[PDB]
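Enquirer: First to last, the protein sequences are chains R and D. Its first residue numbered 78, the first sequence is counted upward by one per residue in full-length UniProt numbering. Its first residue numbered 78, the second sequence is counted upward by one per residue in full-length UniProt numbering. Here it is, the structure, as structure tokens.
2 protein chains.
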Amino acid sequence: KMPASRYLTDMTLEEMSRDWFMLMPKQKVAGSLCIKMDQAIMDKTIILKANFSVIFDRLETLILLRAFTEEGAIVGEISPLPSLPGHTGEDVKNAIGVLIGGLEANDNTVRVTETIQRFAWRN
Amino acid sequence: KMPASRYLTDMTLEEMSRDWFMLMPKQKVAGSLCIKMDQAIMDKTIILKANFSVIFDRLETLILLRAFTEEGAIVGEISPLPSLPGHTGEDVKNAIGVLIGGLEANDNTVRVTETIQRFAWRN
Numbered sequence: 078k079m080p081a082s083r084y085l086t087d088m089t090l091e092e093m094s095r096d097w098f099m100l101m102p103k104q105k106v107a108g109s110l111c112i113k114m115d116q117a118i119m120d121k122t123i124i125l126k127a128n129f130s131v132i133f134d135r136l137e138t139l140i141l142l143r144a145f146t147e148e149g150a151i152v153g154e155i156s157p158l159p160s161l162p163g164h165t166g167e168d169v170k171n172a173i174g175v176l177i178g179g180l181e182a183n184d185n186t187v188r189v190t191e192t193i194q195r196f197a198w199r200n
Numbered sequence: 078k079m080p081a082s083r084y085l086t087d088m089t090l091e092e093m094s095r096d097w098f099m100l101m102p103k104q105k106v107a108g109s110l111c112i113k114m115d116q117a118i119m120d121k122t123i124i125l126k127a128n129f130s131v132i133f134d135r136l137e138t139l140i141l142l143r144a145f146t147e148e149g150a151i152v153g154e155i156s157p158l159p160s161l162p163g164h165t166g167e168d169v170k171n172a173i174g175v176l177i178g179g180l181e182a183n184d185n186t187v188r189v190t191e192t193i194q195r196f197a198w199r200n
């Protein structure tokens, strides 16, 4: 059987659609997720925001995660690769780890939105 | 004081961002909303989908509403005009009325998503 998914996001349409580039690229393909990070970004305050699929008041699938600075610049991204099989809850948690890890290594203050917290807390 | 807004949507990123055209335009500026409808669309099954801002598990502001056919074609839209002052709950309800009205006049079966239902029920 099949219910019919809705989407809950921390980001506005523009924040999600917006094209961005990295001065010093770094990409990892952990799980079935693509993790992008600009290694030229240092000593900034980053906020991890996300878009999740939601079935019965519960977050199910990660559609898109993006790292923003206080000024509003995209510095990182976690997104699923359509070609590969569906990502797991652990894959999402590990990806966020890799992104937070990498960003903090360049002396950045990384905080996450309650939506990512709730997702991670419940898997 | 002001709390941080999140967004709940029935539509996918593509469905929201997608550009669409009307062979027979009909546009109205009711409230602080722009109401678009293709009067060339007849004898089809329309489904009204939406994007609302959500604060404390309660829908607050309409971000975007779009009318889709069973095949997935955009036949109508309700969207706020940023230049004008914030739209009211009644403005949204009246707009949906105008859209459903106009679409049914061209012998169409118009059904709405539960998100629009909940919004309208509570204003």
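All residues carry an ideal CB built from backbone N, CA and C; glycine is no exception.
Run down chain D in chain order and give the residues with a C-beta less than 7 angstroms from the C-beta of residue 96 of chain R.
Expert: Working through the first sequence from its first residue, we reach residue 96 of chain R at position 19. What residue 96 of chain R touches in chain D: nothing, since even the nearest Cβ is about 12 angstroms away.
Enquirer: Are the C-beta atoms of residue 93 of chain R and some chain D residue less than 8 angstroms apart?
Expert: Counted from its first residue, the first sequence places residue 93 of chain R at position 16. Yes, because at least one Cβ of chain D sits closer than 8 angstroms to the Cβ of residue 93 of chain R.
Enquirer: Mind pulling the chain R residues with CB within less than 7 angstroms of residue 142 of chain D?
Expert: One-based indexing of the second sequence puts residue 142 of chain D at position 65. In chain order: nothing, as chain R lies at least about 13 angstroms away.
Enquirer: So what's residue 104 of chain D in DSSP terms, helix, strand or just coil?
Expert: As a working mapping, residue 104 of chain D is identified with position 27 in the second sequence. Correct three-state label for residue 104 of chain D: strand.
Enquirer: Can you tell me whether DSSP reads residue 83 of chain D as helix, strand or coil?
Expert: By one-based count along the second sequence, residue 83 of chain D stands at place 6. Reduced to three states, the DSSP call for residue 83 of chain D is strand.
Enquirer: Against residue 85 of chain R, what residues of chain D qualify as contacts under a CB-to-CB distance less than 9 angstroms, listed in chain order?
Expert: Start at 1 with the first residue of the first sequence, and residue 85 of chain R comes out as number 8. Within 9 angstroms Cβ-Cβ: 83, 84, 85, 86, 131.
Enquirer: Measure from the alpha carbon of residue 79 of chain D to the alpha carbon of each residue in D:171, D:184, D:131, D:189, then state which is nearest.
Expert: By 1-based counting over the second sequence, the position of residue 79 of chain D is 2. Answer by Cα proximity: D:131.
Enquirer: Quick check: what's the CA-CA separation for residue 129 of chain R versus residue 192 of chain R?
Expert: Walking along the first sequence from the start, residue 129 of chain R turns up at place 52. Walking along the first sequence from the start, residue 192 of chain R turns up at place 115. If you take the alpha carbons of residue 129 of chain R and residue 192 of chain R, they lie about 8 angstroms apart.
Enquirer: If you reduce the DSSP assignment to three classes, tell me which class residue 161 of chain R lands in.
Expert: Residue numbering aside, residue 161 of chain R sits at position 84 when the first sequence is read from its first letter. Reduced to three states, the DSSP call for residue 161 of chain R is coil.
Enquirer: Which residue's Cα is closest to the Cα of residue 188 of chain R: R:127, R:116, R:84?
Expert: Start at 1 with the first residue of the first sequence, and residue 188 of chain R comes out as number 111. It is R:127.
Enquirer: Could you run through the region 179–200 of chain R and flag, in chain order, every residue whose CB is less than 9 angstroms away from some CB of chain D?
Expert: Using a CB distance below 9 angstroms, the part of the region 179–200 of chain R facing chain D consists of 190, 191, 192, ordered along the chain.
Enquirer: For a test of the three-state rule: what should DSSP assign to residue 186 of chain D, helix, strand or coil?
Expert: Taking the first residue of the second sequence as 1, we reach residue 186 of chain D at position 109. DSSP places residue 186 of chain D in strand when its eight states are reduced to three.
Enquirer: Inspect the beta-carbon positions of residue 190 of chain D and residue 123 of chain D and report whether they are closer than 8 angstroms.
Expert: Position 113 of the second sequence, counting from 1, holds the residue named residue 190 of chain D. Position 46 of the second sequence, counting from 1, holds the residue named residue 123 of chain D. In this structure, residue 190 of chain D sits away from residue 123 of chain D, with a CB-CB distance that is not shorter than 8 angstroms.
Enquirer: Can you tell which of R:147, R:107, R:121 has its C-alpha closest to the C-alpha of residue 184 of chain R?
Expert: Taking the first sequence and counting its residues from 1, the one referred to as residue 184 of chain R is at position 107. Cα-wise, what sits closest to residue 184 of chain R is R:121.
Enquirer: Could you have a look at residue 93 of chain D and say whether DSSP puts it in helix, strand or coil?
Expert: In the second sequence, counting from the first residue as 1, residue 93 of chain D sits at position 16. Three-state result, residue 93 of chain D: helix.
Enquirer: Taking the continuous beta strand (DSSP E) assigned at residue 128 of chain R, which residues delimit it?
Expert: Position 51 of the first sequence, counting from 1, holds the residue named residue 128 of chain R. Run containing residue 128 of chain R: 122–132, per the beta strand (DSSP E) assignment.
Enquirer: Can you list the residues of chain D that residue 125 of chain R reaches, using a CB-CB cut of under 8 angstroms?
Expert: As a working note, residue 125 of chain R is residue 48 in the first sequence. Among the residues of chain D, none has a CB under 8 angstroms from the CB of residue 125 of chain R; the nearest is roughly 14 angstroms distant.
Enquirer: For residue 139 of chain D, would you say it is in contact with chain B, using Cβ-to-Cβ distances shorter than 8 angstroms as the test?
Expert: Absent from the structure: chain B. Protein chains present are R and D.
Enquirer: Mind listing which residues of the region 149–171 of chain R have their C-beta closer than 9 angstroms to chain D's C-betas, in chain order?
Expert: Nothing from the region 149–171 of chain R brings a Cβ to less than 9 angstroms from some Cβ of chain D.
Enquirer: Taking all protein chains shown into account, do 16 or more other C-beta atoms lie within 10 angstroms of the C-beta of residue 115 of chain D, making it buried, or fewer, making it exposed?
Expert: Reading the second sequence from its first residue, position 38 is the one you call residue 115 of chain D. By the 10 Å Cβ count, residue 115 of chain D comes out buried.
Enquirer: By the criterion of Cβ-Cβ separation under 9 angstroms, what are the contact partners of residue 110 of chain R in chain D?
Expert: For this step, residue 110 of chain R is matched to residue 33 along the first sequence. The contacting residues do not exist; residue 110 of chain R stays about 17 angstroms from chain D at best.
Enquirer: What does residue 136 of chain D reach in chain R if we use C-beta pairs closer than 7 angstroms?
Expert: Within the second sequence, residue 136 of chain D is the residue found at index 59, counting from 1. Chain R residues near residue 136 of chain D: none, gap ~12 angstroms exceeds 7 angstroms.
Enquirer: For residue 146 of chain D, write down the residues that DSSP places opposite it in a beta bridge.
Expert: Along the second sequence, one-based indexing puts residue 146 of chain D at 69. Residue 146 of chain D is bridged to D:123.
Enquirer: For residue 139 of chain R, go through chain D and note every residue whose CB falls closer than 9 angstroms to its CB, in chain order.
Expert: For this step, residue 139 of chain R is matched to residue 62 along the first sequence. Simply none; closest approach about 13 angstroms.
Enquirer: Out of curiosity, what's the CA-to-CA distance linking residue 155 of chain R and residue 88 of chain R?
Expert: The residue labelled residue 155 of chain R in the question sits at position 78 within the first sequence. The residue labelled residue 88 of chain R in the question sits at position 11 within the first sequence. Their Cα atoms are separated by approximately 14 angstroms.
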